[PDB]
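If you're matching positions, the sequence shown starts at 50 in the working numbering and goes up one per residue. The C-beta atom is built at its ideal place from N, Cα and C for all residues, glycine as well.
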Amino acid sequence: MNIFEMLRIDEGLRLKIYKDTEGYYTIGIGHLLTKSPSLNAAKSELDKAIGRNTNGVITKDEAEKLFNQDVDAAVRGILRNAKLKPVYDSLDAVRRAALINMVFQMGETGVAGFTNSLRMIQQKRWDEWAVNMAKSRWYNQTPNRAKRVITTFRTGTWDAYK
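Set out below in structure tokens:
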């Protein structure tokens with residue numbers, strides 16, 4: 050198990066534009082196109098991201114290319130962030146992967162804002178962190194995926210993905 054395998058499981062793979070639980074247009078492996086209710090705007094974002102007239106449908110290779118880009122941005126985001134970097138630096142590899150998954154999903158700013166959450170992680174208070182994250186919108190909105198990530202983060206094992 051690795052970060053790629055982990056997120057692919059969590060986000061699935063769709064070759065055509067779709068709406069997520071929140072109603073946002075997305076494609077590929079968790080790639081957010083736009084928060085606008087316009088499908089046409091979404092189509093425009095896709096074409097610009099892909100570099101071709103897609104008509105709302107991409108190939109697997111294209112999905113994979115957006116995926117590599119997104120995972121990369123997430124790692125670089127952690128690493129450039131003043132609040133996230135030290136957190137990352139203090140963890141083992143499995144827990145690092147869980148943090149990447151959260152940033153990938155919620156974005157840098159999003160994660161960097163869970164002040165208390167971060168502190169717990171820093172103090173190594175695993176269980177409390179876990180209990181705590183379960184109160185988030187994130188967890189209430191997509192409980193199964195969240196539960197997988199939270200468990201991963203908490204235990205430092207890939208058990209939830211097995």
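Label residue i either buried or exposed according to how many other C-beta atoms from any shown protein chain fall within 10 Å of its C-beta, with 16 as the threshold for buried.
i	result
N150	buried
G79	buried
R145	buried
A131	exposed
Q118	exposed
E177	exposed
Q154	buried
Near residue i, what residues of its chain come up, given a Cβ to Cβ distance below 7 Å and the 5 sequence neighbours on each side ignored?
i	result
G105	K65, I66, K92, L95
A147	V198, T201, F202
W207	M50, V143, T201
State the CB to CB distance for the pair residue i and residue j, rounded to an integer number of angstroms; the pair is presumed to be in contact (CB under 8 Å).
i	j	result
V120	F53	7 Å
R194	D110	At roughly 25 Å, the Cβ-Cβ gap does not stay under 8 Å, so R194 and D110 are not in contact.
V136	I170	6 Å
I76	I107	6 Å
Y74	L88	7 Å
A90	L115	Not confirmed; about 17 Å, so no contact.
For the alpha helix (DSSP H) that residue i lies in, which residues bound it at each end?
i	result
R197	192 to 204
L140	Careful: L140 lies outside any alpha helix (DSSP H) and carries neither H nor E.
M55	52 to 60
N181	175 to 182
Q171	164 to 171
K97	88 to 99
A161	157 to 161
Quick one: does residue i have its CB under 8 Å from some CB of chain C?
i	result
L133	This model lacks chain C altogether; it includes just one protein chain.
Among residues of its own chain, excluding the 5 on either side of residue i, which ones have a beta-carbon nearer than 8 Å to its beta-carbon?
i	result
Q190	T70, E71
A179	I199, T200, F202, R203
residue 212	Limits of the chain in this structure are 50 at one end and 211 at the other, which puts residue 212 out of reach.
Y188	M182, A195, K196, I199
Terminal residues of the continuous beta strand (DSSP E) containing residue i?
i	result
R63	63 to 68
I76	74 to 77
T108	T108 -> no beta strand (DSSP E), and no H or E assigned at all.
If you measure from the CB of residue i, is any heavy atom of the ligand FMN nearer than 7 Å?
i	result
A122	Among the components of this structure there are no ligands whatsoever, and the ligand FMN is therefore not found.
So, for residue i: in the same chain, excluding its five sequence neighbours on each side, which residues have a beta-carbon less than 6 Å away from its beta-carbon?
i	result
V160	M151, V152
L133	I127, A161
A209	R197, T200, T201
residue 32	This structure does not reach residue 32, given that the chain is present from 50 up to 211, and the question cannot be answered.
Query - Stretch pair the segment 200 to 207 + the segment 57 to 76: three plus CB contacts closer than 8 Å - result: no
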